[PDB]
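Asks: Take a look at this one; I'll ask things after.
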There are 2 protein chains.
Amino acid sequence: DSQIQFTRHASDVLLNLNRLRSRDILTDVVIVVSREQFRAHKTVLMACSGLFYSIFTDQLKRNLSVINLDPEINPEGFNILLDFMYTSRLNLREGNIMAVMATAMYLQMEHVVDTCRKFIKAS
Amino acid sequence: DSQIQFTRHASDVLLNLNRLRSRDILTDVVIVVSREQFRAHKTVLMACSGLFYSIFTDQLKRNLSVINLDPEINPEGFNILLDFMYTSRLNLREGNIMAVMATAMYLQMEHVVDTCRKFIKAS
Ligand SMILES: CC(=O)Nc1cc(Nc2cc(NC3CC3)n3ncc(C#N)c3n2)ccc1N1CC[C@@H](N(C)C)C1
Ligand SMILES: CC(=O)Nc1cc(Nc2cc(NC3CC3)n3ncc(C#N)c3n2)ccc1N1CC[C@@H](N(C)C)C1
């Protein structure tokens, strides 16, 4: 708009939110993926994932402190996407592309799915 | 680093966090400023303000659901700064510059204080 724009503010906020996650500060959910557990902030999950948005926006599930994901989801692909949510950085490799793309479709992360489509196309 | 960088991800996350604030979704604190009240997410307050960081990082105050700010703080300057936290946009005018700068010092928002110093200098 007309206001002063701070071009690094959003990235600085996100870095600080990742710092809070690293310290378990104000995390409010544990995501269970196969044999693994990942703590996060529901607000960040909602902001990034259509699946988590759909779950937590509903007053029926808003206050859940544990979410068990589909057992078929592999913790590797989930961890890469959780890190992406909190960093804007996506670790796509040839050895992980299929697991990451299938996990991003499940998480309803359209931008990441489209980027995976670009990765397969360039390889 | 070496990972794919999503240049709009942090701003998109912040926009979605402001959308949750607008809907009172997962807000966990009310900030009382004179006769006014403002709801927010403690994680965003911590990420942006050295005062709120110092308060909520301490296990003694981490779970507080109400924070009463210094009565001398005016809700106008506070609201401009809260909006800045959630948008990267700072509404500085000649009629509000003094109230905004004094509130940013109180909130320990160094980048905003330095920018206010630049505003007074240009006027
Ligand atoms: C299933 C779902 O929830 N889909 C969704 C939500 C929204 N709206 C949203 C979305 C988010 N976050 C999710 C990560 C993106 N957030 N965060 C805070 C608020 C608020 N208030 C909010 N509102 C818009 C579009 C969509 N799509 C439906 C069709 C899809 N494409 C195939 C075209 C896109
Ligand atoms: C009073 C305080 O807390 N000051 C502070 C905190 C930190 N560290 C932080 C700060 C933040 N957010 C606040 C808005 C910036 N966050 N968010 C998450 C984490 C974690 N983990 C975190 N860690 C670093 C520098 C400082 N300053 C001390 C000297 C100051 N200048 C005058 C030079 C700067």
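If you're wondering about the labels, chains in the structure tokens are A, B, ... by order shown, residues count from 1 in each chain, ligands from 1 in order shown.
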Need the shell around residue 31 (chain B): protein/DNA/RNA residues with any atom at most 12 Å away, counting only C-alpha atoms. Skip same-chain ones fewer than 3 positions apart. Format as a PDB file with N, CA and C atoms, in the first residue's frame?

Replies:
ATOM      1  N   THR B  27      -5.519 -17.301  18.498  1.00  0.00           N
ATOM      2  CA  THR B  27      -4.994 -16.220  19.329  1.00  0.00           C
ATOM      3  C   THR B  27      -4.947 -16.725  20.762  1.00  0.00           C
ATOM      4  N   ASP B  28      -3.896 -16.341  21.489  1.00  0.00           N
ATOM      5  CA  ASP B  28      -3.707 -16.870  22.837  1.00  0.00           C
ATOM      6  C   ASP B  28      -3.369 -15.803  23.857  1.00  0.00           C
ATOM      7  N   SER B  34      -4.419   0.864  27.877  1.00  0.00           N
ATOM      8  CA  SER B  34      -5.366   1.897  28.308  1.00  0.00           C
ATOM      9  C   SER B  34      -6.788   1.263  28.297  1.00  0.00           C
ATOM     10  N   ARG B  35      -7.753   1.862  27.594  1.00  0.00           N
ATOM     11  CA  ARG B  35      -9.134   1.385  27.541  1.00  0.00           C
ATOM     12  C   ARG B  35      -9.371   0.354  26.461  1.00  0.00           C
ATOM     13  N   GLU B  36      -8.329  -0.001  25.706  1.00  0.00           N
ATOM     14  CA  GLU B  36      -8.481  -0.946  24.590  1.00  0.00           C
ATOM     15  C   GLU B  36      -7.895  -2.318  24.818  1.00  0.00           C
ATOM     16  N   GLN B  37      -8.351  -3.306  24.028  1.00  0.00           N
ATOM     17  CA  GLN B  37      -7.860  -4.667  24.077  1.00  0.00           C
ATOM     18  C   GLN B  37      -7.496  -5.102  22.659  1.00  0.00           C
ATOM     19  N   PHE B  38      -6.401  -5.862  22.500  1.00  0.00           N
ATOM     20  CA  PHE B  38      -5.956  -6.408  21.215  1.00  0.00           C
ATOM     21  C   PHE B  38      -5.565  -7.842  21.361  1.00  0.00           C
ATOM     22  N   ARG B  39      -6.170  -8.713  20.573  1.00  0.00           N
ATOM     23  CA  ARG B  39      -5.815 -10.110  20.622  1.00  0.00           C
ATOM     24  C   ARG B  39      -4.737 -10.386  19.625  1.00  0.00           C
ATOM     25  N   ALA B  40      -3.847 -11.319  19.960  1.00  0.00           N
ATOM     26  CA  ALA B  40      -2.738 -11.701  19.113  1.00  0.00           C
ATOM     27  C   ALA B  40      -2.247 -13.114  19.418  1.00  0.00           C
ATOM     28  N   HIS B  41      -1.254 -13.539  18.642  1.00  0.00           N
ATOM     29  CA  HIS B  41      -0.528 -14.780  18.823  1.00  0.00           C
ATOM     30  C   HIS B  41       0.769 -14.448  19.502  1.00  0.00           C
ATOM     31  N   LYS B  42       0.993 -15.041  20.679  1.00  0.00           N
ATOM     32  CA  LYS B  42       2.238 -14.858  21.411  1.00  0.00           C
ATOM     33  C   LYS B  42       3.488 -15.141  20.586  1.00  0.00           C
ATOM     34  N   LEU B  45       4.201 -11.995  18.510  1.00  0.00           N
ATOM     35  CA  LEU B  45       4.673 -10.944  19.416  1.00  0.00           C
ATOM     36  C   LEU B  45       6.130 -11.178  19.789  1.00  0.00           C
ATOM     37  N   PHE B  52       8.004  -8.357  24.297  1.00  0.00           N
ATOM     38  CA  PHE B  52       7.196  -9.581  24.367  1.00  0.00           C
ATOM     39  C   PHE B  52       8.072 -10.824  24.344  1.00  0.00           C
ATOM     40  N   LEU B  64       0.710 -16.727  30.410  1.00  0.00           N
ATOM     41  CA  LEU B  64      -0.185 -15.605  30.659  1.00  0.00           C
ATOM     42  C   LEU B  64      -1.139 -15.412  29.465  1.00  0.00           C
ATOM     43  N   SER B  65      -2.427 -15.194  29.745  1.00  0.00           N
ATOM     44  CA  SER B  65      -3.390 -14.980  28.664  1.00  0.00           C
ATOM     45  C   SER B  65      -3.786 -13.512  28.552  1.00  0.00           C
ATOM     46  N   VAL B  66      -3.338 -12.660  29.501  1.00  0.00           N
ATOM     47  CA  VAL B  66      -3.626 -11.221  29.526  1.00  0.00           C
ATOM     48  C   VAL B  66      -2.313 -10.530  29.891  1.00  0.00           C
ATOM     49  N   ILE B  67      -1.926  -9.486  29.135  1.00  0.00           N
ATOM     50  CA  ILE B  67      -0.759  -8.661  29.442  1.00  0.00           C
ATOM     51  C   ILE B  67      -1.265  -7.245  29.491  1.00  0.00           C
ATOM     52  N   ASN B  68      -1.066  -6.580  30.632  1.00  0.00           N
ATOM     53  CA  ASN B  68      -1.429  -5.172  30.764  1.00  0.00           C
ATOM     54  C   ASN B  68      -0.191  -4.343  30.485  1.00  0.00           C
ATOM     55  N   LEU B  69      -0.209  -3.562  29.397  1.00  0.00           N
ATOM     56  CA  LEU B  69       0.938  -2.723  29.073  1.00  0.00           C
ATOM     57  C   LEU B  69       0.953  -1.497  29.970  1.00  0.00           C
ATOM     58  N   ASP B  70       2.086  -0.790  30.001  1.00  0.00           N
ATOM     59  CA  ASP B  70       2.238   0.461  30.748  1.00  0.00           C
ATOM     60  C   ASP B  70       1.035   1.370  30.393  1.00  0.00           C
ATOM     61  N   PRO B  71       0.294   1.929  31.394  1.00  0.00           N
ATOM     62  CA  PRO B  71      -0.892   2.769  31.081  1.00  0.00           C
ATOM     63  C   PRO B  71      -0.619   3.972  30.191  1.00  0.00           C
ATOM     64  N   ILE B  73       1.088   4.028  27.520  1.00  0.00           N
ATOM     65  CA  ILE B  73       1.109   3.667  26.104  1.00  0.00           C
ATOM     66  C   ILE B  73      -0.252   3.973  25.474  1.00  0.00           C
ATOM     67  N   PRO B  75      -3.176   3.519  22.627  1.00  0.00           N
ATOM     68  CA  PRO B  75      -3.574   2.435  21.722  1.00  0.00           C
ATOM     69  C   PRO B  75      -3.319   2.702  20.245  1.00  0.00           C
ATOM     70  N   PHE B  78       0.323   1.628  19.543  1.00  0.00           N
ATOM     71  CA  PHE B  78       0.390   0.189  19.714  1.00  0.00           C
ATOM     72  C   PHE B  78      -0.234  -0.524  18.515  1.00  0.00           C
ATOM     73  N   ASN B  79      -1.454  -0.097  18.114  1.00  0.00           N
ATOM     74  CA  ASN B  79      -2.153  -0.699  16.978  1.00  0.00           C
ATOM     75  C   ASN B  79      -1.331  -0.603  15.681  1.00  0.00           C
ATOM     76  N   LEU B  82       1.387  -3.286  16.063  1.00  0.00           N
ATOM     77  CA  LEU B  82       0.831  -4.636  15.980  1.00  0.00           C
ATOM     78  C   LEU B  82       0.552  -4.908  14.511  1.00  0.00           C
TER      79      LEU B  82
END

Asks: Using only C-alpha atoms, I'd like every residue of chain B that has an atom within 7 Å of chain A; please write them out as a list in words.

Replies: residues 3, 4, 5, 6, 9, 10, 11, 13, 14, 16, 17, 26, 43, 47, 48, 88, 89, 90 and 91 of chain B

Asks: Tell me, which residues of region 51-94 of chain B carry DSSP strand (DSSP E), written as a ChimeraX atom specification?

Replies: /B:66-68,89-90

Asks: Could you save the residues just selected, with C-alpha atoms, as an mmCIF file, in the first residue's frame?

Replies:
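Heads up, here's the output in part06.cif:
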data_model
loop_
_atom_site.group_PDB
_atom_site.id
_atom_site.type_symbol
_atom_site.label_atom_id
_atom_site.label_comp_id
_atom_site.auth_asym_id
_atom_site.auth_seq_id
_atom_site.Cartn_x
_atom_site.Cartn_y
_atom_site.Cartn_z
ATOM 1 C CA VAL B 66 -3.626 -11.221 29.526
ATOM 2 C CA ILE B 67 -0.759 -8.661 29.442
ATOM 3 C CA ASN B 68 -1.429 -5.172 30.764
ATOM 4 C CA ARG B 89 3.970 -2.324 6.661
ATOM 5 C CA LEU B 90 4.530 0.658 8.999
#

Asks: Once you count only C-alpha atoms and all ligand atoms, what closest atom pair and distance in Å to one decimal does each residue of chain B within 7 Å of ligand 2 have, with rows by chain and rising residue number, as a tab-separated table?

Replies:
residue	atom	partner	partner_atom_place_in_ligand_line	distance
B:46	CA	ligand 2	17 (N)	5.2
B:47	CA	ligand 2	17 (N)	4.0
B:48	CA	ligand 2	14 (C)	3.9
B:49	CA	ligand 2	14 (C)	4.1
B:50	CA	ligand 2	13 (C)	4.3
B:51	CA	ligand 2	1 (C)	6.2
B:53	CA	ligand 2	12 (N)	5.4
B:54	CA	ligand 2	3 (O)	4.9
B:108	CA	ligand 2	1 (C)	7.0
B:109	CA	ligand 2	14 (C)	6.5
B:110	CA	ligand 2	32 (C)	6.5

Asks: Keeping C-alpha atoms for every residue in the selection just given, could you write it to a file as an mmCIF file, in the first residue's frame?

Replies:
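Printed below is result.cif as written:
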data_model
loop_
_atom_site.group_PDB
_atom_site.id
_atom_site.type_symbol
_atom_site.label_atom_id
_atom_site.label_comp_id
_atom_site.auth_asym_id
_atom_site.auth_seq_id
_atom_site.Cartn_x
_atom_site.Cartn_y
_atom_site.Cartn_z
ATOM 1 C CA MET B 46 7.878 -12.791 20.488
ATOM 2 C CA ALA B 47 9.201 -12.860 16.930
ATOM 3 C CA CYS B 48 8.771 -9.076 16.582
ATOM 4 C CA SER B 49 9.142 -7.374 19.964
ATOM 5 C CA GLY B 50 12.036 -7.618 22.408
ATOM 6 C CA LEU B 51 9.613 -6.755 25.262
ATOM 7 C CA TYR B 53 10.109 -11.925 23.679
ATOM 8 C CA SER B 54 11.526 -11.215 27.197
ATOM 9 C CA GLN B 108 12.002 -2.949 22.019
ATOM 10 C CA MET B 109 11.503 -2.986 18.258
ATOM 11 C CA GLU B 110 15.017 -1.726 17.289
#

Asks: Got a sec: who's within 10 Å of residue 94 (chain B), counting only C-alpha atoms, leaving out chain neighbours fewer than 5 positions off, as a short mmCIF file (atom, residue, chain, number, x, y, z; two decimals) with N, CA, C and O atoms, in the first residue's frame?

Replies:
data_model
loop_
_atom_site.label_atom_id
_atom_site.label_comp_id
_atom_site.auth_asym_id
_atom_site.auth_seq_id
_atom_site.Cartn_x
_atom_site.Cartn_y
_atom_site.Cartn_z
N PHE B 119 12.76 8.79 9.65
CA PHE B 119 11.57 9.58 9.31
C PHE B 119 11.66 11.02 9.83
O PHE B 119 11.45 11.95 9.05
N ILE B 120 11.98 11.20 11.12
CA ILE B 120 12.15 12.53 11.72
C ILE B 120 13.22 13.35 10.93
O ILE B 120 13.00 14.53 10.64
N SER B 123 11.83 14.56 7.37
CA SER B 123 10.77 15.56 7.50
C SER B 123 11.38 16.94 7.77
O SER B 123 10.82 17.95 7.35
#

Asks: As a compact mmCIF listing (two decimals) with N, CA, C and O atoms, in the first residue's frame, please: all residues of chain B that backbone DSSP puts in helix (DSSP H, G or I).

Replies:
# COMPACT_ATOMS: atom_id res chain seq x y z
N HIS B 9 7.34 -17.16 0.13
CA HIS B 9 6.81 -17.99 1.22
C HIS B 9 6.69 -17.25 2.54
O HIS B 9 5.63 -17.32 3.14
N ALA B 10 7.73 -16.55 2.97
CA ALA B 10 7.61 -15.89 4.28
C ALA B 10 6.49 -14.84 4.34
O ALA B 10 5.77 -14.77 5.32
N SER B 11 6.33 -14.04 3.27
CA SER B 11 5.28 -13.03 3.19
C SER B 11 3.91 -13.70 3.12
O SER B 11 2.96 -13.21 3.72
N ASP B 12 3.80 -14.85 2.43
CA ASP B 12 2.54 -15.58 2.34
C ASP B 12 2.14 -16.15 3.71
O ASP B 12 0.98 -16.03 4.09
N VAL B 13 3.13 -16.70 4.47
CA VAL B 13 2.90 -17.19 5.83
C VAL B 13 2.40 -16.00 6.68
O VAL B 13 1.43 -16.13 7.44
N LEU B 14 3.11 -14.87 6.62
CA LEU B 14 2.71 -13.75 7.46
C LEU B 14 1.29 -13.27 7.14
O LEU B 14 0.53 -13.00 8.06
N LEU B 15 0.93 -13.24 5.87
CA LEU B 15 -0.41 -12.83 5.47
C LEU B 15 -1.41 -13.79 6.07
O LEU B 15 -2.44 -13.36 6.56
N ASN B 16 -1.12 -15.10 6.01
CA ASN B 16 -2.04 -16.08 6.58
C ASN B 16 -2.14 -15.97 8.10
O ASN B 16 -3.21 -16.21 8.65
N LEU B 17 -1.03 -15.62 8.78
CA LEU B 17 -1.08 -15.40 10.23
C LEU B 17 -1.94 -14.17 10.54
O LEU B 17 -2.67 -14.19 11.52
N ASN B 18 -1.88 -13.12 9.73
CA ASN B 18 -2.74 -11.96 9.93
C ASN B 18 -4.21 -12.33 9.67
O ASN B 18 -5.08 -11.91 10.41
N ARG B 19 -4.47 -13.20 8.69
CA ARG B 19 -5.82 -13.68 8.44
C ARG B 19 -6.33 -14.44 9.67
O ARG B 19 -7.47 -14.24 10.06
N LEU B 20 -5.49 -15.28 10.33
CA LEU B 20 -5.94 -15.98 11.53
C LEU B 20 -6.21 -14.98 12.63
O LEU B 20 -7.18 -15.15 13.38
N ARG B 21 -5.35 -13.94 12.78
CA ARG B 21 -5.60 -12.96 13.83
C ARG B 21 -6.98 -12.28 13.60
O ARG B 21 -7.74 -12.15 14.57
N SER B 22 -7.29 -11.92 12.33
CA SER B 22 -8.55 -11.25 11.97
C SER B 22 -9.76 -12.08 12.31
O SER B 22 -10.86 -11.55 12.42
N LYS B 42 0.99 -15.04 20.68
CA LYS B 42 2.24 -14.86 21.41
C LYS B 42 3.49 -15.14 20.59
O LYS B 42 4.48 -14.42 20.71
N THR B 43 3.44 -16.13 19.69
CA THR B 43 4.62 -16.45 18.87
C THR B 43 5.00 -15.27 17.97
O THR B 43 6.18 -15.00 17.80
N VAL B 44 3.98 -14.57 17.40
CA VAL B 44 4.25 -13.43 16.51
C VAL B 44 4.80 -12.25 17.34
O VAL B 44 5.78 -11.60 16.94
N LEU B 45 4.20 -11.99 18.51
CA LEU B 45 4.67 -10.94 19.42
C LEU B 45 6.13 -11.18 19.79
O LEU B 45 6.93 -10.23 19.73
N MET B 46 6.49 -12.43 20.13
CA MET B 46 7.88 -12.79 20.49
C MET B 46 8.83 -12.60 19.34
O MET B 46 9.98 -12.18 19.55
N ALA B 47 8.38 -12.95 18.12
CA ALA B 47 9.20 -12.86 16.93
C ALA B 47 9.52 -11.43 16.54
O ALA B 47 10.47 -11.22 15.81
N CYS B 48 8.71 -10.48 17.00
CA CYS B 48 8.77 -9.08 16.58
C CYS B 48 9.23 -8.07 17.62
O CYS B 48 9.69 -6.99 17.26
N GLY B 50 11.11 -7.18 21.37
CA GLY B 50 12.04 -7.62 22.41
C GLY B 50 11.36 -7.66 23.75
O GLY B 50 11.69 -8.53 24.57
N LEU B 51 10.35 -6.77 23.99
CA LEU B 51 9.61 -6.75 25.26
C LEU B 51 8.79 -8.07 25.34
O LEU B 51 8.83 -8.78 26.37
N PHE B 52 8.00 -8.36 24.30
CA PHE B 52 7.20 -9.58 24.37
C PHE B 52 8.07 -10.82 24.34
O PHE B 52 7.72 -11.81 25.01
N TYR B 53 9.18 -10.81 23.62
CA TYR B 53 10.11 -11.93 23.68
C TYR B 53 10.55 -12.19 25.12
O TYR B 53 10.45 -13.31 25.60
N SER B 54 11.02 -11.13 25.83
CA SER B 54 11.53 -11.21 27.20
C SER B 54 10.46 -11.73 28.15
O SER B 54 10.78 -12.49 29.07
N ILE B 55 9.19 -11.33 27.94
CA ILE B 55 8.11 -11.75 28.82
C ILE B 55 7.83 -13.25 28.63
O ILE B 55 7.94 -14.04 29.59
N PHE B 56 7.43 -13.64 27.40
CA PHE B 56 6.97 -14.99 27.13
C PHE B 56 8.07 -16.06 27.11
O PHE B 56 7.73 -17.23 27.31
N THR B 57 9.35 -15.70 26.93
CA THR B 57 10.41 -16.71 26.95
C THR B 57 10.59 -17.24 28.35
O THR B 57 11.04 -18.37 28.54
N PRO B 75 -3.18 3.52 22.63
CA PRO B 75 -3.57 2.43 21.72
C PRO B 75 -3.32 2.70 20.24
O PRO B 75 -3.15 1.74 19.51
N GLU B 76 -3.24 3.98 19.81
CA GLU B 76 -2.97 4.31 18.41
C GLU B 76 -1.61 3.78 17.95
O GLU B 76 -1.53 3.05 16.96
N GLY B 77 -0.55 4.15 18.67
CA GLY B 77 0.81 3.73 18.38
C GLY B 77 0.99 2.23 18.52
O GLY B 77 1.62 1.60 17.66
N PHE B 78 0.32 1.63 19.54
CA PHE B 78 0.39 0.19 19.71
C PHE B 78 -0.23 -0.52 18.52
O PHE B 78 0.39 -1.43 17.94
N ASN B 79 -1.45 -0.10 18.11
CA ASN B 79 -2.15 -0.70 16.98
C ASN B 79 -1.33 -0.60 15.68
O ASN B 79 -1.27 -1.58 14.94
N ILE B 80 -0.67 0.55 15.43
CA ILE B 80 0.17 0.69 14.26
C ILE B 80 1.32 -0.32 14.28
O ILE B 80 1.59 -0.93 13.26
N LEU B 81 1.90 -0.58 15.44
CA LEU B 81 3.01 -1.51 15.58
C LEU B 81 2.56 -2.95 15.49
O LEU B 81 3.28 -3.76 14.92
N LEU B 82 1.39 -3.29 16.06
CA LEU B 82 0.83 -4.64 15.98
C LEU B 82 0.55 -4.91 14.51
O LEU B 82 0.83 -6.02 14.04
N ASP B 83 -0.06 -3.95 13.81
CA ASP B 83 -0.31 -4.16 12.36
C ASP B 83 0.99 -4.38 11.59
O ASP B 83 1.05 -5.26 10.72
N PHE B 84 2.04 -3.62 11.95
CA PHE B 84 3.36 -3.79 11.35
C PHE B 84 3.88 -5.21 11.58
O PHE B 84 4.34 -5.87 10.63
N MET B 85 3.75 -5.72 12.82
CA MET B 85 4.23 -7.06 13.09
C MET B 85 3.67 -8.05 12.12
O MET B 85 4.38 -8.96 11.68
N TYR B 86 2.37 -7.92 11.85
CA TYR B 86 1.66 -8.90 11.03
C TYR B 86 1.64 -8.58 9.54
O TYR B 86 1.03 -9.37 8.80
N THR B 87 2.24 -7.43 9.08
CA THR B 87 2.13 -7.08 7.68
C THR B 87 3.42 -6.65 7.00
O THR B 87 3.43 -6.52 5.76
N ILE B 97 4.11 10.06 14.37
CA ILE B 97 5.53 9.67 14.48
C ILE B 97 6.03 9.61 15.92
O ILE B 97 6.71 8.63 16.26
N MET B 98 5.71 10.61 16.75
CA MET B 98 6.18 10.63 18.12
C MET B 98 5.58 9.51 18.95
O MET B 98 6.33 8.78 19.63
N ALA B 99 4.25 9.31 18.86
CA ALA B 99 3.60 8.21 19.58
C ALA B 99 4.12 6.84 19.11
O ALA B 99 4.36 5.98 19.95
N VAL B 100 4.34 6.64 17.78
CA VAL B 100 4.85 5.36 17.26
C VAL B 100 6.30 5.08 17.71
O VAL B 100 6.63 3.98 18.13
N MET B 101 7.18 6.08 17.61
CA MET B 101 8.57 5.91 18.02
C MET B 101 8.66 5.54 19.53
O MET B 101 9.40 4.62 19.89
N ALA B 102 7.96 6.30 20.39
CA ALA B 102 8.00 6.05 21.84
C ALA B 102 7.43 4.69 22.15
O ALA B 102 7.97 3.99 23.01
N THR B 103 6.41 4.24 21.38
CA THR B 103 5.85 2.90 21.63
C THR B 103 6.84 1.83 21.15
O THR B 103 7.01 0.83 21.85
N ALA B 104 7.55 2.06 19.98
CA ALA B 104 8.52 1.05 19.51
C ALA B 104 9.72 0.91 20.46
O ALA B 104 10.31 -0.17 20.53
N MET B 105 10.12 2.01 21.14
CA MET B 105 11.21 1.89 22.10
C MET B 105 10.73 1.00 23.26
O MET B 105 11.46 0.11 23.73
N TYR B 106 9.49 1.26 23.74
CA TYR B 106 8.91 0.49 24.85
C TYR B 106 8.78 -1.00 24.46
O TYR B 106 9.11 -1.89 25.26
N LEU B 107 8.33 -1.26 23.23
CA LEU B 107 8.22 -2.62 22.74
C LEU B 107 9.57 -3.24 22.37
O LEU B 107 9.63 -4.43 22.04
N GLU B 110 13.83 -2.47 17.73
CA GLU B 110 15.02 -1.73 17.29
C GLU B 110 14.96 -1.27 15.84
O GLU B 110 15.23 -0.10 15.59
N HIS B 111 14.61 -2.17 14.90
CA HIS B 111 14.52 -1.83 13.47
C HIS B 111 13.53 -0.68 13.22
O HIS B 111 13.84 0.21 12.43
N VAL B 112 12.35 -0.71 13.87
CA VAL B 112 11.29 0.30 13.78
C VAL B 112 11.77 1.61 14.40
O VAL B 112 11.57 2.66 13.79
N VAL B 113 12.42 1.54 15.56
CA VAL B 113 12.98 2.74 16.21
C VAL B 113 13.97 3.46 15.27
O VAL B 113 13.84 4.68 15.05
N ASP B 114 14.90 2.68 14.66
CA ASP B 114 15.90 3.22 13.72
C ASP B 114 15.20 3.84 12.51
O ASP B 114 15.66 4.88 12.02
N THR B 115 14.11 3.20 12.01
CA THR B 115 13.34 3.72 10.87
C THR B 115 12.61 5.02 11.25
O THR B 115 12.63 5.96 10.46
N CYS B 116 12.09 5.11 12.50
CA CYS B 116 11.46 6.34 12.98
C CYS B 116 12.49 7.47 12.99
O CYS B 116 12.15 8.57 12.57
N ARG B 117 13.75 7.16 13.42
CA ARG B 117 14.88 8.12 13.46
C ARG B 117 15.13 8.66 12.04
O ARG B 117 15.36 9.86 11.85
N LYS B 118 15.03 7.77 11.02
CA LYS B 118 15.17 8.15 9.61
C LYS B 118 14.00 9.05 9.16
O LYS B 118 14.23 10.03 8.45
N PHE B 119 12.76 8.79 9.65
CA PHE B 119 11.57 9.58 9.31
C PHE B 119 11.66 11.02 9.83
O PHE B 119 11.45 11.95 9.05
N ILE B 120 11.98 11.20 11.12
CA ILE B 120 12.15 12.53 11.72
C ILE B 120 13.22 13.35 10.93
O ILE B 120 13.00 14.53 10.64
N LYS B 121 14.32 12.67 10.54
CA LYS B 121 15.45 13.23 9.79
C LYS B 121 15.06 13.70 8.38
O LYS B 121 15.60 14.69 7.89
N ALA B 122 14.13 12.97 7.72
CA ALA B 122 13.70 13.32 6.37
C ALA B 122 12.64 14.43 6.32
O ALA B 122 12.56 15.15 5.32
